[PDB]
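S.K.:
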Amino acid sequence: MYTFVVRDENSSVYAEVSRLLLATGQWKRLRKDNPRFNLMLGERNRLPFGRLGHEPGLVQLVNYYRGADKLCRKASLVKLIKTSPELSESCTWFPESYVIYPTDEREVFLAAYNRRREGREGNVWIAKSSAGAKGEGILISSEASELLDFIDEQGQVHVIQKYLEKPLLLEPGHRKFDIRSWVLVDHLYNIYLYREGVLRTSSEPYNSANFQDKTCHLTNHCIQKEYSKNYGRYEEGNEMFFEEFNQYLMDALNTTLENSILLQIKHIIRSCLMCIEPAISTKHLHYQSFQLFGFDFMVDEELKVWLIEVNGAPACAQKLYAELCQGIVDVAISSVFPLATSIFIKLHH
Amino acid sequence: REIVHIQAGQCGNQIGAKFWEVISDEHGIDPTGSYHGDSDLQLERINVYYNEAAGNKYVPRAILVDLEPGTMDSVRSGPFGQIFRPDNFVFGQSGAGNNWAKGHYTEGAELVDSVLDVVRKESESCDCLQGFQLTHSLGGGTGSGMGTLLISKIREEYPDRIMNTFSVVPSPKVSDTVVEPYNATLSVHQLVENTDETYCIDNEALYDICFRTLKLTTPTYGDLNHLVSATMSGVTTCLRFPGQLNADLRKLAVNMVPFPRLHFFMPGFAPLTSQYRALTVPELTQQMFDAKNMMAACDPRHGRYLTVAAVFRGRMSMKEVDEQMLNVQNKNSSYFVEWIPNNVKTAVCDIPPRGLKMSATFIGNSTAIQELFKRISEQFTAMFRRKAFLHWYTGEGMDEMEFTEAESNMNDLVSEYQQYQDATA
Amino acid sequence: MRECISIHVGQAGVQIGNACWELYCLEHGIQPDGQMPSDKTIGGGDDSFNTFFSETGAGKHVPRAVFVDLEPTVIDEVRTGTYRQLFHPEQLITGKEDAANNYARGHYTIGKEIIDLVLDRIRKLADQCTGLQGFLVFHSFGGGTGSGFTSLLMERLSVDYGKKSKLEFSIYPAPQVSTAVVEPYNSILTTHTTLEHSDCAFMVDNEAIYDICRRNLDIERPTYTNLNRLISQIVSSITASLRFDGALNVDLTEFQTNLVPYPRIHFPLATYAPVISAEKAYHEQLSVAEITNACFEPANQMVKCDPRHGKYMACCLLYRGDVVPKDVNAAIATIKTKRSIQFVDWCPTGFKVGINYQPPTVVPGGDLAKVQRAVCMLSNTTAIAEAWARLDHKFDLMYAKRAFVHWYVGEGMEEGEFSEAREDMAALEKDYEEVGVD
Amino acid sequence: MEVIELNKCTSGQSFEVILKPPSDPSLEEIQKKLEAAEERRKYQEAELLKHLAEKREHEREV
Ligand SMILES: Nc1nc2c(ncn2[C@@H]2O[C@H](COP(=O)(O)OP(=O)(O)OP(=O)(O)O)[C@@H](O)[C@H]2O)c(=O)[nH]1
Ligand SMILES: Nc1ncnc2c1ncn2[C@@H]1O[C@H](COP(=O)(O)OP(=O)(O)CP(=O)(O)O)[C@@H](O)[C@H]1O
Ligand SMILES: Nc1nc2c(ncn2[C@@H]2O[C@H](COP(=O)(O)OP(=O)(O)O)[C@@H](O)[C@H]2O)c(=O)[nH]1
Ligand SMILES: COc1cccc(-c2cc(NCc3ccc4[nH]ccc4c3)nc(N)n2)c1
Ligand SMILES: [Ca+2]
Ligand SMILES: [Ca+2]
Ligand SMILES: [Ca+2]
Ligand SMILES: [Ca+2]
Ligand SMILES: [Mg+2]
Ligand SMILES: [Mg+2]
Ligand SMILES: [Mg+2]
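Protein chains in written order, with the deposited numbering: chain F, 1 to 102, 125 to 362, 372 to 380; chain B, 2 to 275, 280 to 358, 367 to 438; chain A, 1 to 438; chain E, 6 to 28, 44 to 82.
So this is what it looks like as structure tokens:
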């Protein structure tokens, strides 16, 4: 029967997958460095892609796409969008962004900053990085100078995306949020969108004049659970599902989640992944790859969807692990290693 | 690349005789030494074990040794008695009385020089000597005591040549005398230093195989030797017949022995015989990795494989063996050390043994061989702590520290197997 | 004109040499007896094919080759095979007992005894050269002779032929056909000692040839004969520039200039297409665009790896058959817009191209189909380092336990050479990453 | 996409297409180390033959 190895012990998603695989009675686990495996649940950094697919008589699959980092790191994502003809500088769903080193865009960033300054247009900018966990290393200011010195205060790269000053605010609460979507790409490069997303919602009322607050503006589950007093009032753990957010949109705005938001979501997902398809595809390769991505979106008050970032090692909501993890095994693993409806929306292309 | 064969003692000469009977049949040589075979593949490597004599006669490159003439006279009268070179029979009269000391120090020392003389005459007639193989038991006196003495003498004159042995390990279920653990423990210490490969043929397994699997109520030494000769034929098929494998004794040792002292192999054979139903490739691979087909009374699941070699004989799908060989890996992947990559070898010989369409020979370097040495060590200490039956040996000049030293070296050998059995990457 | 001497070391080198020289004779119209009816220059000449063949007064065309193995069974097959007449006895050198897959035995113990003889026989051919260019050395990484003695020979050629070029054709070990487990040791040991003595080395992974034979030739279980004839075609396309008229890669020096900007990083990746089975009575003949695109499918590379995740330092396209420049440029234009081909910033993004109008030649009764056009791409990409990493990892697994090390120490080598060579590989693997990744 | 240095003859043609411009040890110490490895083999063999010699002595002490 089939064999697999676990090399990322701190993975919530694949800890359930490996657990469900053993309960099948047709999968056997091995130590981290046993090379005679059918499936690798590999590490997150420096995964040895070069050692895969060289074992006679063993079809080898892995849960990561070599090169997918170019889409999952903020600095590289900006580069990909600005230099890829498929995406182009004239991209309508990605906020105006610039990569700033402490190749560089320090001066071109200020060129557009003053073109808005003179025109009285909103000049709120945000600085971000993929190296700061637990919401550390974020800044929202309206004066550009006072952020470049802070960027140089550290010795790594930061990006400067736009701050969406007019988000969609939920009522009751007058509060902010972002949307997390989970997308599975199998060995055939079929793009599967998990039907169940989640709203990661802020519990503090949005305040435009005061960006001093560390929590009025950042909605990630953690910064609201150990930095705010209102965690859990309107919904459990600042997490609202699609069925409710859909009902709210029908009642409050007379529209649906599918029409107003999800079509834009599906367009961005397939646009981003089809851009890098020829650089990471494992169709005619000696090993094959799949990977589950976590796309983070955000909706403005005109119901326009914006992409903020893509996470390549995402966690899932407590309330969908069982269903999602089962879907991975069904579509990503058993599809390659067969045994003795659907939760995914296939994004065709 | 010639091999020089030596058979010493009762057990050594009988299993040696069967061996020459079996491979002689496979190479098409009759009891008189004349070739009446159908294929030229039989002769392309006949020189490995046979000299070409006057009259297009082929003579085994074998030396026959014993301290009493009994078994050697039987051999000269047996089926293939007349094929051996008469000047290669070297015997004494007294005997060794199942005493390692007599074979190694007193009675054997008297005869050893005469044996080495025949070795030199055989080696001088070798275009390029490849090494030596010895057949003998470890429980007696001649094959055990004198056999190890010969090995020590051969490594002296031919220090850069390979020395391998087919050694029959004693077992109480098949026992001639009680001092067998003493003789075995003294012999193994010699084999740890002066042999490159020792195939551990355990009489306990040969009996259990004849009785349990083959359903033979009263097995004789002849029944056990049928298994031994079949295995030795299978082990030597890689040199005796011409595949695209360029196999030399040293090259094979380099590939199977990761550490000098750990060169004790578990032989295996399949199918087990004493029917006409064609056996399937899945069945051959599944049986040859089963404990019931092992010639050493050890459980491979109680240890781990350092290296493995499987030899298949007959016309079969070389693709199918690979698929099944790769399949069995998973079913016992935990029992293969991961710090020796690709440590399982497979060879195929188009020529089947006599009366078998397909066969398989198994050679495993497993740390589970340790179980065998513990068994012998226990039987040794059970007597030695009371100094039982030691007078037989002290009467021949041996001191008790030689027994203590041999005991400690085998316990060391056991401990060395244990460290690598627990070792991980 | 300038001669080239081929040196075939060990079983792999000798058997691959057999296939190569067999193919050369067919391509040049030379018969097994050494006669060349089309050669009107009797007893001599300075034609391009004379770079690989000398001429006798009797009209015989003799390969400028040396076969050397530490045991005679393989070269004995040469002395009795279809091409007995092609070579003369002094060109075939054999020992008595081999190196038993032990680098130390081939380099030290036995190598000392035959090195002087081999160099002597090589000098006897060199004295027949008016303007010797260098040597082409064929050998395996895994064999004790192919690894240990080859390294020793390479060192001595650099002292006796300091200013002369040396190219390698190396067989990289693959478990699917390899009957040895210590080949990682020998591979690392020989690469370390030979690296500074080789100007350009084309390494062929038996794994790649094995799958190519199974996938594209539908040979259920390939043999060495199947593998070698395919390898010979790649070797022939690579050396055709030296044997036929042309402007590209006509001197061994040009290989280093065109393909190797840094000396240590001199392992170009070879990709070949099309491989078509002879059993298929007729195959839709592939166009210039199709075979050129095939040059970027890793399933056609001599080494399994992903160039998309490395960078190119040079690239040459060697076509044979019905090819014209315009069709090549058309294919390249589309390919650039569909493939991930990023060069290092300090090298130009261009292809050096050469075309021979004579189409590929295949052995009669072989497994390869006759095609109208074919191409071999030579690219120096950092992605090939994946092979070093694979090899280095297996080395580390066994050496941590000192498994089999006693076999080498017993032949006079020191443990320090293991770590000394491994560290050299560690630097090489790091050099590839510096050039290849940001 | 520029084509350059186009040479051609009866056997074929050659050219270069550009899509973008850019942005030893001596003999003695070889033959010495061979000898150093040989002497290490001879020392190992002498130790073996000495070890065996010790055993021959004990054999006839018995
Ligand atoms: N591609 C290819 N590889 C070969 C061939 N013959 C041998 N090899 C490789 O060579 C290695 C084995 O060592 P050998 O080449 O046989 O060594 P040798 O030159 O015969 O001398 P030894 O060291 O004694 O074995 C294995 O890894 C084989 O894969 C061949 O014909 N083609
Ligand atoms: N264009 C934008 N305008 C306003 N706020 C934004 C924004 N882009 C991101 N944010 C804020 O950042 C939060 C999410 O940040 P992000 O997810 O990039 O952090 P992170 O990178 O540490 C986790 P991950 O690595 O999984 O993406 C959101 O809650 C949102 O409030
Ligand atoms: N398989 C097998 N084993 C034997 C045979 N004869 C003796 N033995 C083994 O050898 C031991 C007796 O030693 P022995 O043969 O007398 O040694 P010798 O004095 O040198 O001939 C016993 O424990 C048996 O297990 C035989 O014919 N076949
Ligand atoms: C006791 O005297 C002898 C006489 C003849 C043979 C042997 C022998 C046989 C053997 N089996 C076949 C084999 C095993 C591993 C291999 N690797 C590459 C080819 C290859 C072939 N293995 C060993 N070690 N010895 C020992
Ligand atoms: Ca006497
Ligand atoms: Ca004498
Ligand atoms: Ca001419
Ligand atoms: Ca040089
Ligand atoms: Mg991140
Ligand atoms: Mg007896
Ligand atoms: Mg060889």
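Each residue gets a CB set at the ideal place from its N, CA and C atoms; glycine is no exception.
According to DSSP, what are the bridge partners of E:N12?
M.R.: In DSSP, E:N12 forms a bridge with E:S19.
S.K.: Under 8 Å, Cβ to Cβ, is there at least one residue of chain E near residue 453 of chain A?
M.R.: Since the first and last residues shown for chain A are 1 and 438, residue 453 of chain A lies out of range.
S.K.: Would you say the beta carbon of A:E97 comes nearer than 7 Å to a heavy atom of ligand 5?
M.R.: False, no ligand heavy atom lies under 7 Å from that Cβ.
S.K.: I want to check one thing, is the minimum distance from the CB of B:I376 to the heavy atoms of ligand 4 below 7 Å?
M.R.: Yes, the Cβ of B:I376 comes within 7 Å of a heavy atom of ligand 4.
S.K.: Hey, F:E43 and F:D8 are a contact pair by Cβ (cut 8 Å); roughly how many whole angstroms apart?
M.R.: That pair is a contact at about 5 Å.
S.K.: Can you tell me whether B:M411 is helix, strand or coil according to DSSP?
M.R.: DSSP places B:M411 in coil when its eight states are reduced to three.
S.K.: In its own chain, which residues sit with a C-beta less than 8 Å from the C-beta of F:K156, not counting the 5 before and 5 after it?
M.R.: Excluding residues within five positions, the ones whose Cβ falls inside 8 Å are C244, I245.
S.K.: Please list the partners that F:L30 has in chain B, where partner means a Cβ-to-Cβ separation under 8 Å.
M.R.: Under the 8 Å cutoff, chain B gives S338, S339.
S.K.: Determine whether the Cβ of A:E411 lies closer than 8 Å to any Cβ atom of chain E.
M.R.: A:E411 counts as touching chain E.
S.K.: If distances are taken between C-alpha atoms only, which option among A:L70, A:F244, A:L217 comes closest to A:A273?
M.R.: Nearest option by C-alpha distance: A:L217.
S.K.: Along the alpha helix (DSSP H) that carries F:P300, what are the first and last residues, could you check?
M.R.: Element bounds for F:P300: 285-302.
S.K.: In this structure, how does DSSP classify A:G436 when only helix, strand and coil are distinguished?
M.R.: If DSSP states are grouped into helix, strand and coil, A:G436 belongs with the helices.
S.K.: According to a CB-to-CB cut-off of less than 8 Å, which residues of the region 51-70 of chain E neighbour chain B?
M.R.: Cβ contacts with chain B: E65, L68, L69.
S.K.: For F:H209, collect the residues of the same chain with a Cβ closer than 7 Å to its Cβ; drop the 5 residues on either side in sequence, then sort them by chain order.
M.R.: Excluding residues within five positions, the ones whose Cβ falls inside 7 Å are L61, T304, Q310, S311, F312, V358.
S.K.: If you reduce the DSSP assignment to three classes, tell me which class A:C376 lands in.
M.R.: Strand, per DSSP.
S.K.: Across which residues does DSSP place F:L215 in a beta bridge pair?
M.R.: According to DSSP, F:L215 bridges with F:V205, F:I376.
S.K.: Give the DSSP bridge partners of A:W346, in chain order.
M.R.: DSSP output for A:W346 lists no bridge partner at all.
S.K.: Are the Cβ atoms of F:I350 and F:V59 separated by less than 8 Å?
M.R.: Cβ distance not < 8 Å, so F:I350 and F:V59 don't count as in contact.
S.K.: Is the separation between the beta-carbon of A:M425 and that of A:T80 shorter than 8 Å?
M.R.: Against a cut-off of 8 Å, the Cβ pair of A:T80 and A:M425 comes out as no contact.
S.K.: Using 8 Å as the threshold, is the C-beta distance between A:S38 and A:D245 below it?
M.R.: Contact: no.
S.K.: Got a sec, what are the start and stop residues for the alpha helix (DSSP H) B:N89 sits in?
M.R.: Premise fails: B:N89 is in no alpha helix (DSSP H) and is neither H nor E.
S.K.: Can you find the residues in the same chain that come closer than 8 Å, C-beta to C-beta, to E:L24, ignoring five residues on each side of it along the sequence?
M.R.: Only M6 meet the Cβ criterion.
S.K.: Can you check whether the CB of F:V146 is closer than 8 Å to the CB of F:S97?
M.R.: The answer is no: Cβ separation not under 8 Å.
S.K.: Is there a Cβ of chain F sitting closer than 8 Å to that of A:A180, yes or no?
M.R.: Closer than 8 Å: no.
S.K.: What are the boundary residues of the alpha helix (DSSP H) that includes A:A12?
M.R.: A:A12 -> alpha helix (DSSP H) spans 10-28.
S.K.: Kindly indicate the opening and closing residues of the alpha helix (DSSP H) around A:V159.
M.R.: From DSSP, the alpha helix (DSSP H) with A:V159 extends over 150-160.
S.K.: Whose beta carbon lies closer than 7 Å to any heavy atom of ligand 6, going through the chain in order?
M.R.: This criterion selects B:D114, B:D118.
S.K.: Quick check on the burial criterion: 16 or more other C-beta atoms within 10 angstroms. Buried or exposed for B:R367?
M.R.: Looking at its Cβ environment, which holds fewer than 16 other Cβ atoms inside 10 Å, B:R367 is exposed.
S.K.: CB of F:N333 to nearest heavy atom of ligand 2: below 7 Å?
M.R.: Correct: F:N333 has its Cβ closer than 7 Å to ligand 2.
S.K.: How do the region 8-16 of chain B and the region 137-148 of chain B stand: do at least 3 beta-carbon pairs fall below 8 Å, yes or no?
M.R.: At 8 Å Cβ cutoff, the stretches touch.
S.K.: Residues of chain F with CB closer than 8 Å to the CB of B:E343, please, in chain order.
M.R.: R31, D33, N34, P35, listed in chain order.
S.K.: Spell out whether any CB of chain A is found under 8 Å from the CB atom of F:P102.
M.R.: Cβ-Cβ to chain A under 8 Å: no for F:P102.
S.K.: Can F:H180 be considered in contact with ligand 8, in the sense that its beta carbon sits closer than 7 Å to one or more heavy atoms?
M.R.: Answer for F:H180: no, Cβ out of range of ligand 8.
S.K.: Is there a C-beta anywhere in chain B that falls below 8 Å from the one on E:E79?
M.R.: At least one chain B Cβ lies under 8 Å of E:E79.
S.K.: Return the residue from the list B:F212, B:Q191, B:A373, B:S25 that minimises the CA-CA distance to B:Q291.
M.R.: The candidate whose alpha carbon is nearest that of B:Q291 is B:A373.
S.K.: I'd like the list of long-range same chain contacts for A:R264, defined as Cβ closer than 7 Å, with 5 residues on each side in sequence excluded.
M.R.: Closer than 7 Å at the Cβ level, and outside the excluded window around A:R264, lie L195, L428, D431.
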